[PDB]
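First up is the structure itself, then whatever we jot down about it.
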Amino acid sequence: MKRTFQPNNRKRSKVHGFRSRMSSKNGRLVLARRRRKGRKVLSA
Amino acid sequence: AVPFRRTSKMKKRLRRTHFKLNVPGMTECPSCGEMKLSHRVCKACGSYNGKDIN
Amino acid sequence: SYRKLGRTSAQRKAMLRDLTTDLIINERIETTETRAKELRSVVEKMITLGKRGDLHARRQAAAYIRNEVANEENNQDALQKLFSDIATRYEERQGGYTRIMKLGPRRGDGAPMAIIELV
Amino acid sequence: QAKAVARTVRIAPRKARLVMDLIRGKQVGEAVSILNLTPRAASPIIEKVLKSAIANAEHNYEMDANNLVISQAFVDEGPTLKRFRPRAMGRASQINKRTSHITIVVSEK
RNA sequence: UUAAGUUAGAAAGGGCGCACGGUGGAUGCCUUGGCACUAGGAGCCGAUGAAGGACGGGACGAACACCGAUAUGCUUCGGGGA
RNA sequence: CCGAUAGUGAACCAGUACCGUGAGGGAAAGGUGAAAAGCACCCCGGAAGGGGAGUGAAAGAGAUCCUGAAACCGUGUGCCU
RNA sequence: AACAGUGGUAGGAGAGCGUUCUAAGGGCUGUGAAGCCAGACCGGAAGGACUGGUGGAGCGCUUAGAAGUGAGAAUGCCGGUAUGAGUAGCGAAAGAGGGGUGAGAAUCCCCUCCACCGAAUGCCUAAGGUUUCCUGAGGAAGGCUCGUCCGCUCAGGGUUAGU
RNA sequence: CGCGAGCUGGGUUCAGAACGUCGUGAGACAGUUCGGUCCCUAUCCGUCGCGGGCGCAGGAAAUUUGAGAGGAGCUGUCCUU
RNA sequence: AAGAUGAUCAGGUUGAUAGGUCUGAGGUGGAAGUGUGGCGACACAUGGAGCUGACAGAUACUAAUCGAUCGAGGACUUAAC
């Protein structure tokens with residue numbers, strides 16, 4: 001039956017996207033550990 | 001049913017005895033050969049007692 | 001006995017009604033082996049109706065021959081080809097209308113192909 | 001004496017030991033006719049190796065090619081491909097695409 | 001010739017020994033890299049828009065590395081000499 | 001101190017691939033030769049794949065490309081069934 | 001030299017063999033080192049040596065010292081290969097015949113008969129997908145089988161808005 | 001208390017749900033009641049049928065003998081005497 | 001007639017083994033077509049008609065062609081011949 005990635009361009013990009021994680025100070029620590037590790041795909 | 005203990009390298013080969021395939025019954029065409037099989041029309045010339053049925 | 005041929009009892013009728021028509025057009029077919037041996041039992045009944053030529057005899061034969069134009073430029077149906085061509089040739093012969101000649105097996109499935117020719 | 005080697009044509013070995021065991025000991029006039037009619041569709045892999053082994057003995061040594069006795073015919077499992085094939089309930093079993101090495105050593109009577 | 005008898009061999013296939021092979025990468029050596037430290041220098045970049053990245057640039061379309069619509073580069077001052 | 005199942009996770013286009021909606025988890029993968037001299041030409045083959053020919057010390061060195069073990073898979077077998 | 005002893009778990013003591021590296025010199029290597037495979041050789045064992053073959057550049061001995069110092073068992077870890085086994089499975093659901101392509105055809109193309117959905121298996125266009133679209137070649141790999149074929153591989157081409 | 005890799009779960013003894021009783025309460029009860037995923041492609045030995053070798057002092061075709069192995073092994077009426 | 005495949009059994013052109021074709025048996029039960037009665041739906045005649053899967057008996061008309069493979073030379077001690 002129904003599975004959990006019912007794909008959205010909008011809702012993916014608003015919950016998990018960039019400015020949502022430049023928003024809060026706890027959200028920018030997500031953009032610190034995504035930088036000190038040095039990933040390529042910063043927050044999806 | 002799950003196989004209780006692995007088959008050794010003897011018993012594995014002992015079921016390969018009758019597993020061998022066999023020869024086809026083969027003769028030659030009296031037109032060309034070589035060779036035909038038994039009672040069925042050859043691919044060689046296609047004659048079969050002896051009409052040249054391609 | 002008869003042969004089941006892996007087909008339903010209606011699938012066999014659509015099976016055999018095609019192949020008996022294709023002997024009329026082609027004069028020879030390369031079926032599989034037990035599609036050959038099981039076809040001779042029907043055509044030698046179907047050519048037997050050809051020798052009669054009644055208005056009743058043709059209307060038995062239309063249930064095993066379809067509606068397919070056989071010769072171009074004369075517009076003959078395969079029904080017409082029996083009573084015009086085939087029956088004019090077999091007034092000498094009493095049975096054994098289609099001899100079967102076995103060919104070798106087929107590549108992709110190992111199936112024994114077989115050649116049917118009328119005679 | 002001559003030698004032809006196949007080297008990594010995709011077939012299983014056990015599906016080619018069976019084609020092979022109507023060859024080891026036979027003759028050139030007794031194997032090319034037999035391999036064409038087994039039918040056992042790993043045959044023309046081998047029949048393009050035996051006939052290539054004879055036309056090695058044709059060109060390279062001229063060993064009177066119609067008078068040859070086939071001496072060695074061993075086949076070894078070559079470099080195995082391995083693929084994962086999915087399965088229900090999250091099993092995801094394996095499919096081992098085997099490969100074999102056909103060697104038909106053809107020699108004089 | 002018959003009787004009464006004793007033992008060989010046969011191998012569809014297999015067991016062990018040996019010879020020649022094939023998948024397999026492991027012991028060898030060998031590092032391109034890493035790990036600990038020492039002696040010293042450096043210990044900060046950012047609204048004259050940073051660290052970090054997207055789009056891109058080559059006669060060659062991908063990518064790496066360099067670079068920014070002056071884009072596989074531009075001056076100038078030195079080193080360098082085919 | 002390590003010598004590629006070690007040493008950083010990364011000697012290799014590694015935080016890559018993949019796995020997760022997402023925070024995150026997170027690999028494997030070294031070596032032709034002294035240099036490409038990387039096999040012109042002939043034969044088989046549709047073509048890979050071989051056999052001769054040359055190349056080099058080696059070609060069994062020819063693309064997982066130095067060494068190549070064992071499990072395994074073979075083929076011949078001397079003796080036993 | 002005489003006399004006596006000499007099974008053994010948990011455990012205590014003693015003596016040794018191994019491997020890697022460093023330190024003294026001394027000593028083998030292209031006239032072939034290490035490692036590999038063989039073999040009927042020697043000591044109480046752990047273990048050593050020798051000849052052959054492969055291997056193509058490093059290596060042992062003694063004497064001490066340091067230790068990532070020894071493998072059969074962790075439902076250990078990783079990789080490889082078996083067994084089952086040519087076995088279960090090959091993912092609902094009709095094709096058949098002629099021709100063509102090609103080396104090869106049931107599975108590719110064309111034609112002709114037949115058959116199925118037809119308030120869906122039709123079209124149009126969202127959510128998504130990001131070239132899967134078209135042509136021209138291939139065909140190893142993915143296609144649960146072939147395969148000249150493909151939503152596979154390549155090489156080009158491909159989306160036009162004041163409504 | 002034969003027999004679930006031969007079957008059925010009707011009860012006991014999974015969670016749900018009630019009733020009496022007990023406990024202050026969570027809940028409890030061999031006190032009762034309605035509902036409640038029974039998985040396995042047979043390796044070996046067995047069992048029951050079918051075959052291929054080989055042997056039976058030369059190869060062959062028929063019919064056999066029987067050491068041995070099983071199967072069958074139950075009885076009620078009625079009438080006469 | 002046997003049967004999962006092997007096997008068994010009927011047979012391989014001095015042949016009936018199978019299919020067809022005839023003549024039947026059983027089965028269905030009044031074909032089409034034609035004419036007639038009926039405005040018609042239908043009935044009636046030709047006519048136990050027509051149609052028939054393995055069921056029987058004939059018929060070489062078809063397929064069982066060609067051909068190949070396997071298979072003995074009989075150990076020796078003694079007793080009587």
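Naming works like this for the structure tokens: A, B, ... for the chains as they're shown, residue 1 at the start of each chain, ligands 1 onward in shown order.
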Residues within 12 Å of segment 3-7 of chain C, please, as a PDB file with N, CA and C atoms (P, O5', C5', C4', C3', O3' and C1' of nucleotides), in the first residue's frame. Count only C-alpha atoms (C1' of nucleotides); anything in the same chain fewer than 5 positions from it doesn't count.
```
ATOM      1  N   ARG C  12      -8.045 -24.815 -28.402  1.00  0.00           N
ATOM      2  CA  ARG C  12      -7.674 -25.799 -29.412  1.00  0.00           C
ATOM      3  C   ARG C  12      -8.479 -25.630 -30.683  1.00  0.00           C
ATOM      4  N   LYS C  13      -9.737 -25.212 -30.571  1.00  0.00           N
ATOM      5  CA  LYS C  13     -10.528 -25.017 -31.776  1.00  0.00           C
ATOM      6  C   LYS C  13     -10.018 -23.828 -32.568  1.00  0.00           C
ATOM      7  N   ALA C  14      -9.681 -22.737 -31.882  1.00  0.00           N
ATOM      8  CA  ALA C  14      -9.032 -21.624 -32.561  1.00  0.00           C
ATOM      9  C   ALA C  14      -7.622 -21.985 -32.993  1.00  0.00           C
ATOM     10  N   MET C  15      -7.008 -22.961 -32.330  1.00  0.00           N
ATOM     11  CA  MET C  15      -5.721 -23.465 -32.784  1.00  0.00           C
ATOM     12  C   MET C  15      -5.867 -24.212 -34.096  1.00  0.00           C
ATOM     13  N   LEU C  16      -6.781 -25.174 -34.138  1.00  0.00           N
ATOM     14  CA  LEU C  16      -6.866 -26.034 -35.304  1.00  0.00           C
ATOM     15  C   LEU C  16      -7.561 -25.364 -36.469  1.00  0.00           C
ATOM     16  N   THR C  32       5.132 -27.354 -34.800  1.00  0.00           N
ATOM     17  CA  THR C  32       5.861 -28.305 -33.984  1.00  0.00           C
ATOM     18  C   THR C  32       5.348 -29.713 -34.262  1.00  0.00           C
ATOM     19  N   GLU C  33       6.037 -30.699 -33.672  1.00  0.00           N
ATOM     20  CA  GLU C  33       5.849 -32.109 -34.026  1.00  0.00           C
ATOM     21  C   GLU C  33       4.449 -32.601 -33.690  1.00  0.00           C
ATOM     22  N   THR C  34       4.013 -32.397 -32.458  1.00  0.00           N
ATOM     23  CA  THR C  34       2.664 -32.821 -32.136  1.00  0.00           C
ATOM     24  C   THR C  34       1.641 -31.781 -32.510  1.00  0.00           C
ATOM     25  N   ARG C  35       2.072 -30.668 -33.077  1.00  0.00           N
ATOM     26  CA  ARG C  35       1.139 -29.843 -33.811  1.00  0.00           C
ATOM     27  C   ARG C  35       1.032 -30.336 -35.245  1.00  0.00           C
ATOM     28  N   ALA C  36       1.981 -31.154 -35.682  1.00  0.00           N
ATOM     29  CA  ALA C  36       1.867 -31.756 -37.001  1.00  0.00           C
ATOM     30  C   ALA C  36       1.022 -33.024 -36.974  1.00  0.00           C
ATOM     31  N   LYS C  37       1.364 -33.972 -36.092  1.00  0.00           N
ATOM     32  CA  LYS C  37       0.711 -35.279 -36.063  1.00  0.00           C
ATOM     33  C   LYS C  37      -0.760 -35.187 -35.714  1.00  0.00           C
ATOM     34  N   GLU C  38      -1.143 -34.142 -35.012  1.00  0.00           N
ATOM     35  CA  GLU C  38      -2.504 -33.925 -34.587  1.00  0.00           C
ATOM     36  C   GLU C  38      -3.275 -33.095 -35.595  1.00  0.00           C
ATOM     37  N   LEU C  39      -2.588 -32.501 -36.558  1.00  0.00           N
ATOM     38  CA  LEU C  39      -3.254 -31.751 -37.610  1.00  0.00           C
ATOM     39  C   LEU C  39      -3.741 -32.628 -38.760  1.00  0.00           C
ATOM     40  N   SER C  41      -5.191 -35.454 -38.644  1.00  0.00           N
ATOM     41  CA  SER C  41      -6.448 -36.122 -38.352  1.00  0.00           C
ATOM     42  C   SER C  41      -7.643 -35.249 -38.668  1.00  0.00           C
TER      43      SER C  41
ATOM     44  P     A G  94      -4.513 -16.936 -21.384  1.00  0.00           P
ATOM     45  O5'   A G  94      -3.315 -16.529 -22.321  1.00  0.00           O
ATOM     46  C5'   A G  94      -3.584 -15.799 -23.501  1.00  0.00           C
ATOM     47  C4'   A G  94      -2.877 -16.397 -24.674  1.00  0.00           C
ATOM     48  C3'   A G  94      -2.473 -15.389 -25.725  1.00  0.00           C
ATOM     49  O3'   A G  94      -1.297 -15.860 -26.348  1.00  0.00           O
ATOM     50  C1'   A G  94      -3.993 -16.927 -26.659  1.00  0.00           C
ATOM     51  P     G G  95       0.032 -14.978 -26.340  1.00  0.00           P
ATOM     52  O5'   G G  95       0.610 -15.159 -27.808  1.00  0.00           O
ATOM     53  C5'   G G  95       1.145 -16.405 -28.228  1.00  0.00           C
ATOM     54  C4'   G G  95       0.098 -17.244 -28.908  1.00  0.00           C
ATOM     55  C3'   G G  95       0.443 -17.727 -30.302  1.00  0.00           C
ATOM     56  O3'   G G  95       1.152 -18.946 -30.261  1.00  0.00           O
ATOM     57  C1'   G G  95      -1.696 -16.719 -30.315  1.00  0.00           C
TER      58        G G  95
ATOM     59  P     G I  53     -15.734 -37.770 -35.726  1.00  0.00           P
ATOM     60  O5'   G I  53     -14.658 -37.957 -34.579  1.00  0.00           O
ATOM     61  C5'   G I  53     -14.820 -37.289 -33.344  1.00  0.00           C
ATOM     62  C4'   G I  53     -13.985 -37.942 -32.288  1.00  0.00           C
ATOM     63  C3'   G I  53     -14.286 -39.399 -32.022  1.00  0.00           C
ATOM     64  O3'   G I  53     -13.730 -40.255 -32.999  1.00  0.00           O
ATOM     65  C1'   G I  53     -13.982 -38.250 -29.985  1.00  0.00           C
ATOM     66  P     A I  54     -14.166 -41.795 -33.056  1.00  0.00           P
ATOM     67  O5'   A I  54     -13.144 -42.521 -32.074  1.00  0.00           O
ATOM     68  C5'   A I  54     -11.763 -42.565 -32.385  1.00  0.00           C
ATOM     69  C4'   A I  54     -10.898 -42.715 -31.158  1.00  0.00           C
ATOM     70  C3'   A I  54     -11.039 -43.996 -30.367  1.00  0.00           C
ATOM     71  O3'   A I  54     -10.367 -45.081 -30.966  1.00  0.00           O
ATOM     72  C1'   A I  54     -10.836 -42.145 -28.904  1.00  0.00           C
TER      73        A I  54
END
```
Check: segment 24-36 of chain B: which residues within 12 Å, counting only C-alpha atoms (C1' of nucleotides), same-chain residues fewer than 4 positions away excluded, as a VMD selection string?
Finding: (chain B and resid 40 to 52) or (chain C and resid 103 to 104) or (chain D and resid 22 28 to 40) or (chain I and resid 65 to 69)
Using only C-alpha atoms (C1' of nucleotides), tabulate the residues of chain G lying at most 9 Å from any atom of chain C, each with its closest atom pair and that distance in Å to one decimal, by chain and increasing residue number, as CSV.
```
residue,atom,partner,partner_atom,distance
G:94,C1',C:11,CA,7.1
G:95,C1',C:15,CA,8.2
G:96,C1',C:18,CA,6.5
G:97,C1',C:22,CA,6.2
G:98,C1',C:26,CA,7.6
G:105,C1',C:108,CA,8.2
G:106,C1',C:108,CA,7.1
G:107,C1',C:108,CA,8.7
G:112,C1',C:68,CA,8.0
G:113,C1',C:68,CA,6.8
G:114,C1',C:14,CA,7.2
G:145,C1',C:108,CA,8.5
G:146,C1',C:108,CA,5.9
```
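Residues from chain B found within 7 Å of chain G are residues 3, 6 and 7 of chain B, counting only C-alpha atoms (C1' of nucleotides).
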Check: Which neighbours of segment 48-51 of chain D fall inside 7 Å, counting only C-alpha atoms (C1' of nucleotides), when residues of the same chain fewer than 2 positions from it are skipped, and could you give them as an MDAnalysis selection string?
Finding: chainID D and resid 4 6 44:46 53:55 104
Margin query: With only C-alpha atoms (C1' of nucleotides) considered, list every residue of chain F at most 6 Å from chain D, as a ChimeraX atom specification.
Written below: /F:43-44,49-52,74-75
Residues from the last selection, C-alpha atoms (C1' of nucleotides), saved as a PDB file, in the first residue's frame:
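Output file selection.pdb is given in full below:
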```pdb
ATOM      1  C1'   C F  43      44.730 -18.417 -39.830  1.00  0.00           C
ATOM      2  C1'   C F  44      39.743 -19.607 -37.107  1.00  0.00           C
ATOM      3  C1'   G F  49      38.209 -15.308 -27.439  1.00  0.00           C
ATOM      4  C1'   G F  50      42.323 -17.869 -29.181  1.00  0.00           C
ATOM      5  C1'   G F  51      46.936 -20.228 -32.506  1.00  0.00           C
ATOM      6  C1'   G F  52      51.169 -18.962 -35.063  1.00  0.00           C
ATOM      7  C1'   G F  74      38.566 -30.000 -13.488  1.00  0.00           C
ATOM      8  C1'   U F  75      41.351 -33.659 -16.836  1.00  0.00           C
TER       9        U F  75
END
```
Next item on the list: Could you give me, as number ranges by chain, the residues within 12 Å of residue 138 of chain G, counting only C-alpha atoms (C1' of nucleotides) and dropping anything in the same chain fewer than 2 positions from it?
Entry: F: 47; G: 136, 140, 148-149, 152-155
Checklist line | Pick from B:15, B:54, B:2, B:20 nearest to chain C, counting only C-alpha atoms | finding: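 When distances to chain C are compared using only C-alpha atoms, the smallest one comes from B:54.
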Note to self: If you run DSSP on the backbone here, which positions in segment 7-107 of chain D get helix (DSSP H, G or I)? Please write them as a count of residues only.
What the structure shows: 39
Next item on the list: Using DSSP on the backbone coordinates, identify the residues of chain D assigned to strand (DSSP E); present them as a list in words.
Entry: residues 4, 5, 68, 69, 70, 71, 72, 75, 76, 77, 83, 84, 94, 95, 100, 101, 102, 103, 104, 105, 106, 107 and 108 of chain D
Counting only C-alpha atoms (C1' of nucleotides), give me one row per residue of chain A with an atom at most 10 Å from an atom of chain G, showing the shortest contact pair and its distance in Å to one decimal, sorted by chain then residue number, as a Markdown table.
```
| residue | atom | partner | partner_atom | distance |
| --- | --- | --- | --- | --- |
| A:6 | CA | G:128 | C1' | 8.5 |
| A:7 | CA | G:128 | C1' | 6.2 |
| A:8 | CA | G:128 | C1' | 7.3 |
| A:9 | CA | G:128 | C1' | 8.3 |
```
Check: Which distance in Å separates atom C1' of residue 17 of chain F and atom CA of residue 93 of chain D, to one decimal?
Finding: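 Separating atom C1' of residue 17 of chain F from atom CA of residue 93 of chain D is a distance of 21.6 Å.
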Next item on the list: Would you list the contacts of residue 17 of chain B as a count of residues only, taking every protein, DNA or RNA residue within 8 Å and counting only C-alpha atoms (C1' of nucleotides), but skipping same-chain residues closer than 4 positions in sequence?
Entry: 3
Note to self: Need the shell around residue 54 of chain G: protein/DNA/RNA residues with any atom at most 12 Å away, counting only C-alpha atoms (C1' of nucleotides). Skip same-chain ones fewer than 5 positions apart. Format as a PyMOL selection string?
What the structure shows: (chain F and resi 60+67-68) or (chain G and resi 35-38)
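Minimum atom-to-atom distances from B:1, B:37, B:21, B:10 to chain I were compared using only C-alpha atoms (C1' of nucleotides), and the lowest value belongs to B:37.
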Check: What is the distance between atom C1' of residue 60 of chain H and atom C1' of residue 9 of chain E, in Å to one decimal?
Finding: 22.1 Å
Check: Given a cut-off of 6 Å, which residues of chain C touch chain I, counting only C-alpha atoms (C1' of nucleotides), written out as a PyMOL selection string?
Finding: chain C and resi 1+44+56+94-96+99
Next item on the list: Could you list, as a PyMOL selection string, the residues of chain E having an atom within 10 Å of chain D when counting only C-alpha atoms (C1' of nucleotides)?
Entry: chain E and resi 21-24
Margin query: At a cut-off of 12 Å, using only C-alpha atoms (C1' of nucleotides), what residues contact residue 39 of chain A? Leave out same-chain residues fewer than 5 positions from it and give the result as a VMD selection string.
Written below: (chain A and resid 30 to 34 44) or (chain E and resid 52 to 53) or (chain F and resid 14 to 16 24)
Margin query: Using only C-alpha atoms (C1' of nucleotides) and a cut-off of 8 Å, which residues of chain A sit close to chain F? Please list them as a ChimeraX atom specification.
Written below: /A:4-5,12,16,30,37-39
Just write the chosen residues, N, CA, C and O atoms, as an mmCIF file, in the first residue's frame.
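Saved to result.cif:
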```
data_model
loop_
_atom_site.group_PDB
_atom_site.id
_atom_site.type_symbol
_atom_site.label_atom_id
_atom_site.label_comp_id
_atom_site.auth_asym_id
_atom_site.auth_seq_id
_atom_site.Cartn_x
_atom_site.Cartn_y
_atom_site.Cartn_z
ATOM 1 N N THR A 4 6.146 5.836 2.548
ATOM 2 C CA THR A 4 6.329 7.084 3.280
ATOM 3 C C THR A 4 6.959 8.220 2.487
ATOM 4 O O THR A 4 6.892 9.368 2.935
ATOM 5 N N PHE A 5 7.585 7.965 1.350
ATOM 6 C CA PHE A 5 8.104 9.069 0.547
ATOM 7 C C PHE A 5 7.112 9.387 -0.566
ATOM 8 O O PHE A 5 7.328 9.100 -1.734
ATOM 9 N N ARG A 12 9.364 18.946 0.645
ATOM 10 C CA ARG A 12 10.736 18.552 0.916
ATOM 11 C C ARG A 12 11.608 19.775 1.065
ATOM 12 O O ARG A 12 12.430 19.860 1.982
ATOM 13 N N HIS A 16 13.056 20.641 5.003
ATOM 14 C CA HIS A 16 14.442 20.236 5.105
ATOM 15 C C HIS A 16 15.393 21.168 4.382
ATOM 16 O O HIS A 16 16.605 21.047 4.566
ATOM 17 N N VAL A 30 23.079 22.182 12.257
ATOM 18 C CA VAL A 30 22.937 21.210 11.187
ATOM 19 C C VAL A 30 23.748 21.642 9.978
ATOM 20 O O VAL A 30 24.335 20.814 9.282
ATOM 21 N N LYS A 37 32.218 18.202 8.582
ATOM 22 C CA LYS A 37 32.394 16.916 7.931
ATOM 23 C C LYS A 37 32.776 17.116 6.482
ATOM 24 O O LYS A 37 33.593 16.371 5.940
ATOM 25 N N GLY A 38 32.212 18.129 5.847
ATOM 26 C CA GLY A 38 32.575 18.431 4.485
ATOM 27 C C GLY A 38 31.835 17.630 3.449
ATOM 28 O O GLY A 38 32.450 17.184 2.479
ATOM 29 N N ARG A 39 30.538 17.429 3.625
ATOM 30 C CA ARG A 39 29.733 16.732 2.638
ATOM 31 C C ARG A 39 29.609 17.558 1.368
ATOM 32 O O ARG A 39 29.926 18.746 1.339
#
```
